[PDB]
Every structure is written in C-alpha cells, then in structure tokens.
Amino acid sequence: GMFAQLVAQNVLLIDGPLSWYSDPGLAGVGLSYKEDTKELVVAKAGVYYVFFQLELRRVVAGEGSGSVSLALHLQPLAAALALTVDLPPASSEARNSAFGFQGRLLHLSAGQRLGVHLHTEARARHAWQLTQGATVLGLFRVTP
C-alpha cells in the first residue's frame, strides 16, 4: 500500500485503454492491477504522487505527423492526469523521437480504480509507435 510502478504492453498507436505489466526492474522487493479490465486499483486510501511518462519513436522514415495524448481516468466514469505529446513532421534534421512527463498529487480513495487511455490524432498514424518499456505509470503515497 506504499507504491506501485508498471509498464505498458502496447506498441502500436491505437485509440483505447492500455494494458500494463509490472515493472520488471522492481521485482526483487501492495496495489493490484486487474488484467481483465486493465485497471490499477489502489489498496489503501491516501494522497499519492501519481505520474506517467511517454516516449515515442518514428518507425517509417519520412512519414508521420500529428500528436498523441495519454489520459489517466478515475474509474468508473475531465481526467486526473493529462499528457499530450507532439509528433513533428518529417524532414532533414528533424526529430525521430518525442517524450512527455507529468506528475501530480492525487487523492485516491481505497478501492479507486485507475485507467489510462491513449488517443491519437495524426496523419500516417502507423509511422510512430510507443517505445517498449518507455511509457511508464507510477505512484507512491505520501500521507497515511
């Protein structure tokens, strides 16, 4: 009931909620993630510092332009955390990567279910992807 960090399984840019798996870099050490409805549920009530980050890679040279948003929602049914990252159009000496980070203090009641939904608005949507192991959701409590 102290902290939790997990990584997204998704790679392709498709609108909808992301499935996650526990951070393998944190294995050798009390919040749960239901695999069916892809929700992280908080065990103990408290004020947590919740944060996610998102890195994107361009996979097709010379294609892809738009933006990609990532919203965390108190579930069930604005968003608590909101992160939209820009995808630059392709050119010589243009970036092939993009990143965004955001953290905030959220009050989460005991049993509150969290959900993160990925939205994209981009021409040639297939030209960008989520880098494996780089879009992370984490949180830890600061007040019992």
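A residue's number is simply how far along the shown sequence it sits, counting from 1. Think of the rigid core as the biggest set of C-alphas that the two forms share within 1.5 Å after superposition.
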task: Output the stretch, either 18-26 or 130-138, that has more C-alpha displacement from this form in 5 other deposited structures of this protein following superposition by the rigid core.
output: 18-26
In 5 other deposited structures of this protein, rigid core aligned: more displaced of 51-59 and 78-86 by C-alpha RMS: 78-86
- prompt: Does a third or more of the other compared entries skip modelling residue 93?
  reply: yes
message: According to the entry, how many residues of the deposited sequence fall between residue 77 and residue 78 and are not modelled? Options: none, 1 to 3, 4 to 9, 10 or more.
response: 4 to 9
Of 87-95 and 43-51, the one with larger mean CA B-factor: 87-95
Of 31-39 and 56-64, the one with larger mean CA B-factor: 31-39
- prompt: From 103, 115, 111, 100, can you pick the one with the highest C-alpha B factor in the entry?
  reply: 111
query: For residue 26, does the deposited CA B-factor place it in the lowest, middle or highest third of the chain?
result: middle
- line: By the entry's values, the third containing the CA B factor of residue 82 is the middle
